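Shown below, as structure tokens, is a lone chain in the form deposited in one PDB entry; questions about how it binds or moves come after it.
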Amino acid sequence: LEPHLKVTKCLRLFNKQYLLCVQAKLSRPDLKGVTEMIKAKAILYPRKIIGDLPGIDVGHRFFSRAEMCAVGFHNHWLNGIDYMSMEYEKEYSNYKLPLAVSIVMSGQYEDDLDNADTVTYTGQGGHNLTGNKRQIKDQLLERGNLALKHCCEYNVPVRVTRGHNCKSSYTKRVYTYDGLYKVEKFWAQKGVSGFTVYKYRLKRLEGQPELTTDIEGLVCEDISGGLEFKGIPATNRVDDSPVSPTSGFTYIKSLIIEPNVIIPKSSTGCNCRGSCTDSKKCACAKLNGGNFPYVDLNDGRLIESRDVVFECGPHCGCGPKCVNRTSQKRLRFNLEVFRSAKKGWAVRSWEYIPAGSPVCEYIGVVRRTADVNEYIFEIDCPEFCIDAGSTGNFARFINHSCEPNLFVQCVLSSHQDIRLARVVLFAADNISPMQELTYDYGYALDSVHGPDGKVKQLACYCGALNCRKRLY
């Protein structure tokens, strides 16, 4: 129902198509992903819209031009100016068409001038796509240039999105929707390359979140023992307790099996050598239904959720680099444990996390549920659970949300007993720096009874729009 959720699910569907095209090794799988979205009538906003799109807030970060196409936010994958064609002329009979609704500024036009709240934006045309990429002939008042002129004359604002470079390993560039701007005036003049260009002076409208630019409270330098490949610092700027999240608690990197929990028969595994790449020859690809569930992109991303993923294991002939061991690899991201206002400790990332990336296995002591307060994860892909109450990895610090950005994935690798699957958290969405990582704990309402005559209730503080207000 709710538009932010619609946007989320559209973007997840695009990400699925994208990764499937990457697996098929198709040219420009981003664009192919869009074509698949069009075929499936899955473009969220299939017609042009003036102003804001519901579910797309000012500040929204897009991870490719293609994503913007998938949502319907900006319909060309290349073109800087998106406008209503003459098809829209009866719908908007009092405006003069064409009429622009969205522009992208990515530093490609030498005449562009970016001063944040004020922008001088170059029209389209005569722009070289090959070479030093300069203007190579005069522009005229046509196409997008006309569209922008009409915006100026009819007081129709345009959405403005900026491309930004990232020094991250996995995402090279991001596009931020920076809000509505009015087209104040336009004119022709000689550009820096000596040919005529049209220029559009844009001024950011008020009534919007401010444009923004861009270790305090450290309580522990690395909550792992140096056991994670990337250290995980902890902070507390909520109060000044000097207490670390590690007090009382022993960080571990591998599961601990309680003595009365059975150790199932080891998986037979595959006979591939080095890395598994041929899905015909690989028994582990066969277990998954014939294809690998992970794609070899950004050190391994899960294409889509499954009842269970079958990874290579102890007896496979392949080494640790195998893409079908994706969730077994080193922590890829710089993370931080921080004190939340009302949920206790919480986890966020300092880096971008691509959708489908593994975040972590839930590590703790595996116990029979019959033998077992707030750090237990039942394995239900329930006879067995993972207890991180006294020992575990960082997973136990991740909070619940009614609108999460991580999801739970069961993985079999050491053995084939589904009751004892590994529990692994993957990014459901593309996650930006400093966003809290969360998953849905999945408790039923009124499942919990206090030791007396009361249903026991626990308030949710996830802050989501559709919060429902109770963990249970």
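Residues that one form lacks are left out of the comparison. What we label the rigid core is the largest C-alpha set whose atoms superpose within 1.5 Å from one form to the other. For every residue, the number given is its place in the sequence shown, counted from 1.
Although not depicted, the form solved in complex with a partner chain is the subject of the following passage.
Note on the partner interface in the entry with it bound: the residue among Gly442, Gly59, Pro54, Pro46 having a heavy atom within 4.5 angstroms of the partner chain is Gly442. Proximity to the partner chain in the entry with it bound, defined as a heavy atom within 4.5 Å, singles out one entry of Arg273, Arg306, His164, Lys230, which is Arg306. The partner is not drawn, yet in the entry with it bound one stretch among 28-36, 61-69, 414-422, 433-441 has residues with heavy atoms inside 4.5 Å of the partner chain: 433-441.
In the entry with it bound, the partner chain lies farther than 4.5 Å from every heavy atom of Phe338. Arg396 belongs to the set of residues with a heavy atom inside 4.5 Å of the partner chain in the entry with it bound. When contacts are judged by a 4.5 Å heavy atom cut-off, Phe333 does not count as touching the partner chain in the entry with it bound. None of the heavy atoms of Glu110 is located within 4.5 Å of the partner chain in the entry with it bound. Taking residues common to both forms and aligning the rigid core, Cα displacements of 2 Å or more over three or more consecutive positions between this form and the one not shown occur only in 450-453.
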